[PDB]
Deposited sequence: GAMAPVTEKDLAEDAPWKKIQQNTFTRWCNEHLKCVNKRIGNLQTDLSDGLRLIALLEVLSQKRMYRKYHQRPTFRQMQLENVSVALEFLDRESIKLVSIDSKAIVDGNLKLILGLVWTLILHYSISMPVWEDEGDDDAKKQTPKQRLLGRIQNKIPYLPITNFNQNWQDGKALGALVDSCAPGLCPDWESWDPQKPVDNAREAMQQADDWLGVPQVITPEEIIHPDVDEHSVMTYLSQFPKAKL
């Protein structure tokens, strides 16, 4: 009966914004993740931007027929396999036919690989991408216990700590912030990061402090922090 705005919607929203931040640079955009990858073209474009390589296989530039759309998605999935990016439970018809569950899974694989796992973090790897992101954020704010990507972020004040850590003076009074004003706190921190640290708001202040936020969404946002 709550098929409206859970962690599930936050995650679709966040994964869509992340894709769109990348698609911007080739003049494309997704309105609806369930439908707008289904002909393969926006998926191919996203993969080319993330990898900085073109497709080596031909594909259908006007995929008006189902078979053309299946083949475009196959070209994209095959490209990822070649890049040794590990996919699970995904085939071409899953994308073409709008299996939202499996589409979200694919986009998470891309985020984990290109945003979390591939960049060389602060201190230059037997630990998972998640552990590495936690440690990286923990080191920027050594006076707060950073052990998750949900409850630690709920009062909006750790965002202020992280942003000010990156450029002292952006959120200097973060510790004095009212923990009962979480959207206010998150909004200020995240707008400072947007305006001055180049961090896009792929999750929103309302979303990031929501009691039902999923960790993947928060990780997607936090993985963008500089240096």
query: Gaps in the model, given as deposited-sequence positions counted from residue 1; finding: 1-10, 135-139, 243-245
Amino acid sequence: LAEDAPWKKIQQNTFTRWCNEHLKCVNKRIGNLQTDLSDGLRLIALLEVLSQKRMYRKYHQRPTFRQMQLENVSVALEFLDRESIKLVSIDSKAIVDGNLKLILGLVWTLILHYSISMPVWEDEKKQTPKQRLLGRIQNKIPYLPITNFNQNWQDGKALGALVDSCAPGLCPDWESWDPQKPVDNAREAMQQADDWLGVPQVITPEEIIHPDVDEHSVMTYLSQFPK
From here on, numbers count along this sequence of modelled residues.
item	value
Residue range whose averaged C-alpha B-factor is higher in the record, 206-214 or 5-13	5-13
Per the entry, higher mean C-alpha B factor between 90-98 and 115-123	115-123
Third of the chain's Cα B-factor distribution that residue 41 belongs to, per the entry	middle
For residue 164, the third of its chain into which the C-alpha B factor falls	middle
Chain-wide C-alpha B factor ranking for residue 77, given as lowest, middle or highest third	middle
For residue 27, the third of its chain into which the C-alpha B factor falls	lowest
Third of the chain, ranked by Cα B-factor, where residue 174 sits	highest
